[PDB]
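Colleague: Protein chains in written order, with UniProt numbering: chain A, 30 to 144; chain B, 30 to 145; chain C, 30 to 145; chain D, 30 to 144.
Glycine is no exception: its CB is placed at the ideal position from the N, C-alpha and C atoms.
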Amino acid sequence: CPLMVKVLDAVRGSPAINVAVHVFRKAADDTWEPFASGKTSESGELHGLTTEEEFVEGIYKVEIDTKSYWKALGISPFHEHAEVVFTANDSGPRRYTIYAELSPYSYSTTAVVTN
Amino acid sequence: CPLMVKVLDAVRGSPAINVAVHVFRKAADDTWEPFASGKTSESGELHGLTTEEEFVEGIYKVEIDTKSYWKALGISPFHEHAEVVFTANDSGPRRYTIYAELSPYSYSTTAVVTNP
Amino acid sequence: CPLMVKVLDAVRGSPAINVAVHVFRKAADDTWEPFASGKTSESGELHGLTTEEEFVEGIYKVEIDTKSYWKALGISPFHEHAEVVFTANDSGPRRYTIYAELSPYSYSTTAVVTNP
Amino acid sequence: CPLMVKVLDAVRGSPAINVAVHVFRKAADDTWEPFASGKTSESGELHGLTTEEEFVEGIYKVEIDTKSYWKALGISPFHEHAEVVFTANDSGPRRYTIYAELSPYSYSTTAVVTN
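See below:
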């Protein structure tokens, strides 16, 4: 599993559970092709999105549905979602972990890429 | 200015200067219509993007072109850009300041929304 | 002002108002001597802490009293405070702006350092 | 292990390895008593700092030696270190994970507290 997502709730100090995540791949016509998706687990994680075979070089977009998450908690949020757009490059480490720390009016994301 | 952007460079401890920013507004067909664009100043600030009159209700996307910024500094960063997508002015006119703090493999964005 | 602090509330999307800030400077015995204090304004800003003359070389600690801030909003936060410790003016006088973005279980701080 | 630390390098997009971490406990006389310490692993983690028996309620300080980390990489940093000060409370979740994302002139820290 070369692509992982770890989402944290900076308000409650807990993993962000049941957050919808959609991954897209940029197509030849510059549109976003659905690639993979899921809901974060009780540990705020989402793995098994793709395989080494399928995760070829290219531009990918990871959309985290933060708005629905905050609405479920009864908290008015700012963003429609958090977007993480990046290029997968074979000439570097294999495993991509996208960290995302969520607050109603702020989010931070950090990519950790390793072997 | 109802729409403002403040960008900081967390590697150099300075405002992020000459960063290109493109703003889009969602149309009916889910496509992103260009709304406004500019580049950050020496203070990492970008005002004069729009006016209260033109900045109507809608879903807006503020795209900060961080990749170019880092490459010019000799750094190969992770993200293509930093995207900030939000509904604006749905409860009346508001003033928005989008803060962004950039690192090659990380960014944070915080929105300050005030009622004039 | 050579020392400035800008604090934002990432839960409400606003400046963090009336946040107490204490600045200390390290002495010889590793103890923290009180240097200056204040509270953030409506803009989440705090200037007038010190002067160029008084702000000599040294190791400074900017302590932001976030716990009190969150408790007053009905939130029980994780941190006692947000501490920002740094060497200042060791290469001559500089201007420092300490940005802080607060959430109940998280905070970020970014320093902008400029040469006047 | 009720206390864990996960440190990430936001410049290189990798765990922050070999970062010294010192944990202190606030004593009756308001001074900081050394409690535990170590160096982050190849995964930027530091566990086995303490036990449930020893990790009683009280105020703790986690000092991350970020200055030495950046100096090793030949990068001039701003902070002397990153400090995370908090109260351990029995009336909540047991495991504390302190996340820290490091940049030369910025750091973010997020606490994740779970069962």
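So if DSSP puts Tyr89(D) in a beta bridge, which residue, or which two residues, is it bridged to?
Modeller: Answer is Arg54(D) and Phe115(D), bridged to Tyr89(D).
Colleague: Taking C-beta to C-beta, are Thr79(D) and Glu130(A) nearer than 8 Å?
Modeller: No, they are not a contact pair.
Colleague: Of all the residues that make up the segment 44–63 of chain C, which are near chain B by a beta-carbon distance shorter than 7 Å?
Modeller: Listed by position along the chain: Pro44.
Colleague: Who are the near neighbours of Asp94(D) in its chain, counting only those whose CB is closer than 8 Å to its CB and skipping five residues on each side?
Modeller: Excluding positions up to five away in sequence, the list reads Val48, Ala49, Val50, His51 and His110.
Colleague: State yes or no: is the beta carbon of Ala140(C) nearer than 8 Å to at least one beta carbon in chain D?
Modeller: For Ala140(C), the answer is yes, since a Cβ of chain D falls inside 8 Å of its Cβ.
Colleague: At a CB-CB cut-off below 7 Å, which residues of chain D make contact with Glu71(B)?
Modeller: Residues of chain D passing the Cβ test: none, with the nearest at roughly 17 Å.
Colleague: I want to verify the contact list: residues of chain D whose CB lies under 9 Å from the CB of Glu86(C), in sequence order.
Modeller: The premise fails here: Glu86(C) is roughly 14 Å from chain D at the closest Cβ pair, so nothing lies under 9 Å.
Colleague: So is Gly77(A) in contact with chain D if we call contact Cβ pairs under 8 Å?
Modeller: Output row for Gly77(A): interface = no.
Colleague: Specify the secondary structure class of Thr95(D) as computed by DSSP and reduced to three states.
Modeller: Helix.
Colleague: Residues in its own chain within less than 6 Å of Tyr134(A) by CB, not counting five upstream and five downstream?
Modeller: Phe107.
Colleague: Alpha carbons only, please: which of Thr143(B), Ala45(B), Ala65(B) and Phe53(B) is nearest the one belonging to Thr126(B)?
Modeller: Checking every option, the nearest Cα to that of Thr126(B) belongs to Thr143(B).
Colleague: Counting C-beta neighbours from all protein chains within 10 Å, is the total for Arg124(D) 16 or more, i.e. buried, or is it exposed?
Modeller: It is exposed - the Cβ of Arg124(D) has fewer than 16 other Cβ atoms within 10 Å.
Colleague: Less than 8 Å between the CB atoms is what I'm expecting for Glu81(C) and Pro122(C), so what's the real figure, rounded?
Modeller: Contact holds; Cβ gap of about 6 Å.
Colleague: Using the three-state DSSP reduction, which class does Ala101(B) fall into: helix, strand or coil?
Modeller: Note: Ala101(B) maps to helix in three-state DSSP.
Colleague: How far does the beta strand (DSSP E) with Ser132(B) in it reach, from first residue to last?
Modeller: Segment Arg124 to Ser132, the beta strand (DSSP E) holding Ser132(B).
Colleague: Based on DSSP bridge pairs, tell me the residues matched to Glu83(A).
Modeller: DSSP lists no partner for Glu83(A).
Colleague: Consider the Cβ of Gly103(A): report whether some Cβ of chain D lies at a distance smaller than 8 Å.
Modeller: No - not a single Cβ of chain D is within 8 Å of the one on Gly103(A).
Colleague: So which residues of chain C does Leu37(B) contact, with C-beta pairs closer than 8 Å?
Modeller: Correct list: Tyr128, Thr139 and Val141.
Colleague: What does the Cβ neighbour count give for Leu32(C), buried or exposed, with the cut at 16 atoms within 10 Å?
Modeller: The residue is buried, with at least 16 neighbouring Cβ atoms inside 10 Å.
Colleague: Counting only beta-carbon separations shorter than 8 Å, does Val40(B) have a partner in chain D?
Modeller: It does: the Cβ of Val40(B) has a partner Cβ on chain D nearer than 8 Å.
Colleague: I'd like the list of long-range same chain contacts for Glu112(D), defined as Cβ closer than 7 Å, with 5 residues on each side in sequence excluded.
Modeller: Excluding sequence neighbours, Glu112(D) sits near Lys90 and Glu92.
Colleague: Taking a contact to mean a Cβ-Cβ separation below 8 Å, would you say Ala65(D) touches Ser132(D) in this structure?
Modeller: Cβ atoms of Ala65(D) and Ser132(D): not closer than 8 Å.
Colleague: Have a look at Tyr136(B), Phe53(B), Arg41(B) and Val141(B) and flag the residue whose alpha-carbon is nearest the alpha-carbon of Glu83(B).
Modeller: For the residues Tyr136(B), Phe53(B), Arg41(B) and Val141(B), the minimum Cα distance to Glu83(B) belongs to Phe53(B).
Colleague: With C-beta atoms as the reference, is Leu37(A) less than 8 Å away from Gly73(A)?
Modeller: For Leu37(A) and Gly73(A), yes; Cβs fall inside 8 Å.
Colleague: Measure how close the beta-carbons of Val34(D) and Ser43(A) come, nearest whole angstrom, since I'm counting them as under 8 Å.
Modeller: With a Cβ gap of about 17 Å, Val34(D) and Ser43(A) do not count as contacting.
Colleague: What in chain B is Cβ-close to residue 192(A), meaning under 8 Å?
Modeller: This structure cannot speak to residue 192(A), because chain A is shown only from 30 to 144.
Colleague: Quick one: what's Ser137(A) bridged to in DSSP?
Modeller: Paired residue(s): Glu130(A) and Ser137(B).
Colleague: Counting only the same chain and skipping the five closest in sequence on each side, list residues whose C-beta sits under 6 Å from that of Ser137(D).
Modeller: Correct list, in chain order: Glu130.
Colleague: Just to confirm, is the Cβ distance from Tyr98(B) to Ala45(B) under 8 Å?
Modeller: A contact, by the Cβ cut-off of 8 Å.
Colleague: What would DSSP say about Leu75(D), mapped onto helix, strand or coil?
Modeller: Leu75(D) falls in the strand class under three-state DSSP.
Colleague: For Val40(D), name the three-state secondary structure that DSSP assigns.
Modeller: If DSSP states are grouped into helix, strand and coil, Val40(D) belongs with coil.
Colleague: Is there at least one Cβ from chain D nearer than 8 Å to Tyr134(B)'s Cβ?
Modeller: Yes, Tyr134(B) counts as interfacial toward chain D.
Colleague: I need the boundaries of the beta strand (DSSP E) containing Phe64(C), first residue and last residue.
Modeller: Taken as a continuous stretch (DSSP letters only), the beta strand (DSSP E) holding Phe64(C) covers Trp61 to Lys68.
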